[PDB]
Structure formats: structure tokens, C-alpha cells
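Notes to accompany the following structure.
What's counted below: heavy atoms across the whole structure, side chains too, no hydrogens, waters or symmetry copies. Each residue takes its place number in the sequence, starting with 1.
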Amino acid sequence: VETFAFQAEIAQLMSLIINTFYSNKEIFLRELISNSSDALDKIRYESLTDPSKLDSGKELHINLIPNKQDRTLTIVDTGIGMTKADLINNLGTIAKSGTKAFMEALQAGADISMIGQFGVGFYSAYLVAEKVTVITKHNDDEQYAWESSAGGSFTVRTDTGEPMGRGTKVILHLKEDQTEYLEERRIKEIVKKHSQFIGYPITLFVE
Ligand SMILES: COc1ccc(-c2c(-c3cc(Cl)c(O)cc3O)noc2NC(=O)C2CC2)cc1
């Protein structure tokens with residue numbers, strides 16, 4: 001297991017998300033579904049010139065899986081997946097500029113719900129989760145597990161859990177007071193409100 005420090009700017013963003021009073025927490029789900037849709041768009045596009053990129057799975061979809069026993073909400077997609085370089089360095093480099101812009105917008109009067117317009121919507125996960133685990137598999141790279149409970153660091157390891165084929169699984173370990181996001185009615189409501197027109201099937205599993 002390798003442990004890394006977040007860039008200072010991203011640590012600051014996570015602290016702001018964790019510490020700011022903001023009731024409209026449900027937007028985290030829209031942001032994660034958006035990221036899934038983006039990843040699905042990318043593998044679909046690449047498959048047009050290299051059909052073999054779908055050898056790891058032709059179905060392009062999103063599953064939402066609540067588990068009350070484990071207090072987790074899991075979002076699974078069969079998108080392009082992230083590489084080790086994506087997880088450790090490259091997405092963070094991109095996130096730095098987006099974070100700076102988002103921070104400045106907030107001081108200017110924007111609200112946390114606009115986070116996705118700056119490309120850093122993933123971090124809204126910390127509105128509802130005490131720990132986030134991201135399991136991901138890109139073609140021709142290994143399956144990795146990224147994890148962070150904030151506090152300025154994250155870890156990356158090669159995942160020896162069940163093989164995914166291709167795509168990303170975001171496991172939200174929910175805060176004790178955020179279990180409403182395990183309820184079927186609540187998840188359905190949020191998907192209908194914010195993710196109505198996503199161009200891939202979204203299947204809400206039931207417990
Ligand atoms: C908004 O920024 C990004 C959005 C998605 C990704 C991504 C993902 C991905 C990332 C997150 Cl956090 C997620 O909840 C779901 C995802 O499927 N898997 O491959 C990617 N690789 C990509 O290149 C995606 C096309 C952009 C990476 C960055």
C-alpha cells in the first residue's frame with residue numbers, strides 16, 4: 001500500500017467540503033453519475049476506432065448499490081477506467097486549476113452545488129462519506145484501489161478483490177447521519193431530479 005499527500009489545494013478543497021455548513025448534500029450523486037457518464041462516453045468513442053477495447057465488456061451502464069449492513073452506497077460503471085498515473089498524479093494536476101477557479105467563485109458568491117462546473121465534482125462525495133474507496137480497471141493496466149478519509153492523504157494499492165473487467169466502482173462509506181442515501185425512495189428521487197437525461201441505463205439495486 002502506497003500513501004500519498006494530496007496537493008495542498010485539493011486538501012483545502014476537501015476541508016472546505018467537510019467543514020462548511022451546507023444542507024443540499026444530495027448533489028454528490030449527480031456529480032458521481034456525471035463522472036461515470038463521462039467515462040462511459042470515452043470508452044464508447046474509443047471503441048469506434050478500436051472495437052477490441054470492448055473485449056473487457058460491451059455493456060455500458062451504471063449500477064447504484066446500497067448496502068445498509070455495511071453502510072455503503074456503491075456506484076459502479078463500465079467506463080474507460082483509470083490508470084495508476086490517473087489516480088496518483090494526472091487527474092490531480094487537472095483538479096488543481098479547477099479547484100482554484102471553484103474557490104474563487106465561492107468567494108464571489110457561488111455555492112457548493114456548482115462544483116461540477118469546475119471539473120472537481122468527485123470531491124462532493126465527502127459531503128456524505130467519511131471514507132471513499134475507488135476501485136478501477138483500465139484496459140492494459142491493473143485493477144487499483146484508491147482510498148481516502150481526507151485528512152490530507154490518500155492511498156493506492158493493486159486490488160486483489162474481485163476482478164471488474166473494466167470501469168470504476170466508487171464505494172461511499174457513509175457518515176452516521178447520512179444513511180438516507182441508502183433508501184430506495186431517496187435515491188430514486190435524487191436520480192429523477194438531477195440525472196434524468198443520462199445516456200446510459202442506471203439500475204438502482206434494492207436491498
Ligand atoms: C471529471 O473528471 C473525470 C471524470 C471521470 C474520470 C474517469 C472515471 C471515473 C472517475 C470517477 Cl471519480 C467516477 O466517479 C466515475 C468514473 O467512471 N473513470 O475513468 C475516467 N477517465 C476519464 O478520462 C473520464 C473521461 C473523463 C476521470 C476524470
Side-chain angles (χ1 to χ4, degrees), residues 1-2 4 27-67 70 72-95 115-116 119-126 128-129 131-148 154-174 181-182 187-188 190-191 194-207:
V1 179
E2 289 181 303
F4 305 87
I27 64 100
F28 79 92
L29 188 57
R30 171 188 71 198
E31 299 306 328
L32 298 175
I33 290 173
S34 180
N35 283 6
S36 291
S37 181
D38 290 349
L40 289 160
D41 284 349
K42 194 168 185 169
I43 186 67
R44 184 180 58 188
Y45 171 79
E46 298 203 350
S47 78
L48 299 180
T49 53
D50 188 351
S52 80
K53 290 180 173 178
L54 295 180
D55 289 350
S56 44
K58 295 171 187 174
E59 191 181 355
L60 302 187
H61 69 243
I62 301 171
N63 294 153
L64 308 176
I65 308 174
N67 189 306
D70 302 330
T72 55
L73 175 61
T74 300
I75 301 89
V76 184
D77 67 67
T78 48
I80 190 83
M82 292 173 283
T83 63
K84 194 178 183 187
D86 280 337
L87 294 174
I88 296 168
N89 191 31
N90 293 337
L91 298 174
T93 292
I94 300 293
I115 189 171
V120 294
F122 165 78
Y123 298 99
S124 70
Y126 291 88
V128 301
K131 182 170 71 186
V132 180
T133 307
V134 176
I135 309 301
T136 195
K137 174 70 173 72
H138 189 282
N139 287 332
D140 309 307
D141 202 344
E142 300 179 0
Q143 185 164 309
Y144 299 104
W146 174 106
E147 191 167 64
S148 181
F154 63 93
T155 62
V156 177
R157 62 181 168 79
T158 296
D159 189 40
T160 51
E162 205 155 57
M164 290 178 49
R166 185 200 64 249
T168 298
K169 169 157 57 176
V170 178
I171 306 171
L172 306 174
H173 305 266
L174 299 178
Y181 302 106
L182 300 180
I187 298 165
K188 278 183 180 177
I190 297 164
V191 170
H194 297 296
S195 303
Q196 254 298 60
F197 299 125
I198 291 290
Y200 301 94
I202 300 169
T203 302
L204 174 55
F205 284 36
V206 289
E207 297 216 46

Exercise for the section: Answer whether the closest heavy-atom distance between the side chains of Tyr200 and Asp77 falls below 4.5 Å. Expected result: no
Exercise for the section: Could you tell me which residues satisfy side-chain hydrogen bond (donor to acceptor under 3.5 Å, both in side chains) with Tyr144, sequence neighbours excluded, listed by chain and number? Expected result: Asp141
Handout entry: Close side-chain approach of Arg30 and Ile190, heavy atoms under 4.5 Å
Key = no
Problem - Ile65 vs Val76 side-chain heavy atoms within contact, under 4.5 Å - result: yes
Problem - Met82 CE to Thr136 OG1 distance, which is reported to the nearest 0.5 Å - result: 4.0 Å
Handout entry: Least distance between heavy atoms, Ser36 atom then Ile62 atom
Key = CB-CD1, 3.8 Å
Handout entry: Inter-residue atom distance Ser124.OG - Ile27.CD1, 0.5 Å rounding
Key = 4.0 Å
Practice task
To the nearest 0.5 Å, tell me how far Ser56 OG sits from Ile43 CD1.
Solution key: 6.0 Å
Practice task
Check whether any side-chain N or O of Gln143 sits under 3.5 Å from a backbone N or O of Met164 as a donor-acceptor pair, and report yes or no.
Solution key: yes
Exercise for the section: Kindly write out the residues that satisfy side-chain hydrogen bond (donor to acceptor under 3.5 Å, both in side chains) with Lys169, not counting sequence neighbours, or none if the list is empty. Expected result: none
Handout entry: Test item: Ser37 side-chain N/O and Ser34 main-chain N/O as donor-acceptor pair under 3.5 Å
Key = no
Handout entry: Electrostatic pair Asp159-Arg157, nearest N-O below 4.0 angstrom
Key = yes
Problem - side chain to side chain contact (heavy atoms under 4.5 Å, CB included) assessment of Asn67 paired with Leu182 - result: CA-CA 7 Å; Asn67 189 306; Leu182 300 180; over 6 Å; no
